């Protein structure tokens, strides 16, 4: 039989979450979400079983000043996993070091905050001095700011980086808690903003999308699975299955 593929992933609602059960769950059964459904579909099409393993460092992946990676990206570079199936953003810097499938979803960075302020854009947010802001450490949103040559975003990066211990959060849950309990706005991806703002009516998006990009399945460079996964994604796309999966995991409207 074909070797069981190792899948690196990360907890991120509603892509990957612990299943709620009153009885013990083991192995893959512990998890559910859009990305687990995606894996069930991909594995049927490609003919494999898999072992889902949460990334040990809890990070998506960024490189330090020495060019050393962490998170799921490092797991792929180091051939610790066969696939990364997660809301993993397809970026220029990552594409040079891993192979991504074609995208299964598109999104852009925007701002999550509480309601009640006149802040209407990133320009507004960068200019004012009352509300702090940041991003999840070692993800693509942090990297977007670090690499930007747009003045507003360069200033925002300098601010986040100056207050890195403060401004850059460990994960999306910490970021959202910070938004809810302190004067802090979180830079994050639009599909996640859509999800949370339909569940907690104290939260809102500020402004529009600042960029546009996709999520893809990651594989190590040269992986014989990447093209097969791309073909499977296109199948699911064209059959309307990806659309159905989005509806299943995002439904339904909870806030005015």
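So that the term is clear: the rigid core is the largest set of C-alpha atoms that superpose within 1.5 Å between two forms. Positions refer to the first chain, counted from 1.
Comparing 199-207 with 52-60 in 8 other deposited structures of this protein, after superposition on the rigid core, the stretch with the greater RMS C-alpha deviation is 199-207. Root-mean-square C-alpha deviation from the shown form, taken over all structures in 8 other deposited structures of this protein superposed by the rigid core, is larger for 164-172 than for the alternative among 164-172 and 118-126. The stretch with the higher mean CA B factor, choosing between 131-139 and 163-171, is 163-171. Per the PDB record, of the two stretches 15-23 and 229-237, 15-23 carries the greater mean B-factor over its C-alpha atoms. Between the residues 220, 58, 214, 67, the entry's highest C-alpha temperature factor is the one at 67.
Take 155, 96, 149, 74 and read off each C-alpha B-factor from the entry; 149 has the highest. In the deposited entry, the Cα temperature factor of residue 40 sits in the bottom third of values across the chain's modelled residues. Sort the modelled residues of the chain by CA B factor and residue 200 lands in the highest third.
The PDB entry assigns residue 10 a C-alpha temperature factor belonging to the lowest third of its chain's modelled residues. Placement of the Cα temperature factor of residue 119 within the chain: highest third of the modelled residues, per the deposited record. Sort the chain's modelled residues by C-alpha temperature factor and residue 102 lands in the lowest third, per the entry.
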